[PDB]
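Structure 1 and structure 2, given next as structure tokens, are two forms of the same protein chain, each shown alone.
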Structure 1
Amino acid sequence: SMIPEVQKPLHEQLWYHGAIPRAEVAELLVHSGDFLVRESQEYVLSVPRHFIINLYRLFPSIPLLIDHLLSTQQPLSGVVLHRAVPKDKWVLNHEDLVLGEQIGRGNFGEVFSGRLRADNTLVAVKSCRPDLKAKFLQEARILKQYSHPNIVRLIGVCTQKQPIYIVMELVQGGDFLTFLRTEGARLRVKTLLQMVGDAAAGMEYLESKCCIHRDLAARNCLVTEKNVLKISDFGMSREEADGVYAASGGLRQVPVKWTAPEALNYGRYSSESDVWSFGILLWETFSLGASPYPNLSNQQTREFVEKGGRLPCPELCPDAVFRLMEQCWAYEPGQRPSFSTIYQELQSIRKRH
């Protein structure tokens, strides 16, 4: 026999979204009468009007209440229920994750290692410590839509409780900058060519998806135990059908020495500005992780670049890789190659080595 749905605890209800932030509820409630329950404990019934809920009212439990309301079609306001809105397939309960030690940090806070309890899969877990707080789930919205060998995979989103997490594949060899600086001296150029080709494949993929990453750098690339490179940190990334993200107004956090002149000074972000950052990533790679413009401040770099200044060819960087960098740093965005062009050229270079 079956336990009735309404007899199940609130925790188990498809229409209970726990720590769902404001902007999501907005996004989730489509038609008149659509509803969910969430925690504010004070539970809240969001039909977008928000009704605050040992018996619950506006019964022994909140599913008992919700069913009564639906069944009877009596009002809460005038507002009446039509259809409970379920969680999407990506929502994971906190208890399905075993949190491990911190492996990094960013603006929202720590990244941790973890495991999935059900099958021991190792994972990375981005946590969020409130306007910026509203931007946190951006990386999840973006990554839900993708699946590519050189892009970090989304596994799930823990929005049922605080603190909120975004759960991703763990790429166990760590960031590519540390990798270059720690293993680079034993690395063959052919391996380096493969790894920057991985990065180009990932970026070509992002451009096909109308995604503009905005923080491409060795520090935001990750290396598998087999030296496959995956692009990570999609926190600043934006999706634009028409291909340009226009910075919205207000202070911005800018990785100056990886940022194209037009993105920096006019706030025009595009796959073409991403190509500039790729140019810099190529430089980081074939320098075995040197810091770019090492004797210039950020301000001095902006001036040097505006005057036609560019990074020097790293020693023993193959000539065709440096020509490719140079092209990536063309001043006019229109003059830079596509990621398609870059990936093909890198594969061609690699094949010849």
Structure 2
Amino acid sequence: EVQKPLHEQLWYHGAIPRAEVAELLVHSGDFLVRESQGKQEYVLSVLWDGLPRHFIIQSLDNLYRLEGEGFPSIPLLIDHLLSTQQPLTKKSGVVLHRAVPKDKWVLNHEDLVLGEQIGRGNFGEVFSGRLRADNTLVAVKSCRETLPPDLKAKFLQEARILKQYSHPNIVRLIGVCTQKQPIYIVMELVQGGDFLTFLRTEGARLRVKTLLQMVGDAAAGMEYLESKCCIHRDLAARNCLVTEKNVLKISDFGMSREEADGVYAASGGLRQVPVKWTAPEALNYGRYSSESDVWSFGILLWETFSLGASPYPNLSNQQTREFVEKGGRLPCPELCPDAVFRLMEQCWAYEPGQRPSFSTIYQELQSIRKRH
């Protein structure tokens, strides 16, 4: 192990950002080695007095050192520090205790080939791609380096969340390329693309039964998310994906948040908030919950049965908020069955406690589908 190159070491995390570092270092003396993207030097990061401390690993005459002996590799330096229990510096008194290994989700850049751009997200372009080992087709999310540091820190949230999930109606994470820049999130490629484009393109040919089965899929995904305490926050047709067999998967988990007691209090400072898909209490008071996702699901039902019409077309975001406060809601689409529209109206109850559960939504859509 100690003879293996640095890049192969389990405790070498490469281009991991500072915020993820604090996530991974749990106990006193927990440590990892990474590359400082800014400075272009190796860094030893160690938890001490509850906070991560960062030490620049010095290099001279092909020997690596801190303030003591030099070694011809960083793994030899780390082995020395761990085995001797010598403080990293006399001044700091920091002592290594446990190497934090990479999780199973870390993917080497060499394992991936990027293809054509397929979309544009809030953080940057999304590309198609392939895993070199087996020709698995993938979708690859990128993060533009010019984004504000506070927003870039949030990029890996989608991956942290999806690491935990497995469901037929939720997009599958494949890995995260954090060993070098540029940082990527790698997911299964859902080849039929987004649901909004699907509806608009294939509209005329779609049977009501098929539409009900697809939103039924969306409801199952959301039921699963609710069971995991996940609040999605960005549910919309454009953020659902369609497989070759017309199965719908929920996608785009960048804004999603896990909350054990079911409520996420927003910072208030979110840019490009999907106002027309968002519940009043979430906009007014920053109160996001499964109940605010239910509101969004109502809008998704509307998009589905209008075959991809744009909601509140004649209104600005602010006018839409004012309209909704007055009791304004979207009209019944002509292809929408009466029963679907009654469910839709319940999803848009002004008070969050009055909206249906995702279980109820799933079961109601299923019952309607068995008529058609």
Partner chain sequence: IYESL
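Residue numbering: structure 1 sequence, from 1. Basically, rigid core = biggest C-alpha set you can superpose within 1.5 Å across the two forms.
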{"query": "Matching structure (the form solved without the partner chain), either 1 or 2", "finding": "2"}
{"query": "Shifted position (C-alpha, 2 Å or more, core held fixed) between structure 1 and structure 2, chosen from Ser71, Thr182, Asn120, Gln145", "finding": "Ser71"}
{"query": "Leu251 C-alpha moves between structure 1 and structure 2 by 2 Å or more, core aligned", "finding": "yes"}
{"query": "Per-residue CA shift, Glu110 (Å; core superposed between structure 1 and structure 2)", "finding": "1.1"}
{"query": "Following rigid core superposition, Cα shift of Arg336 between structure 1 and structure 2 in Å", "finding": "0.3"}
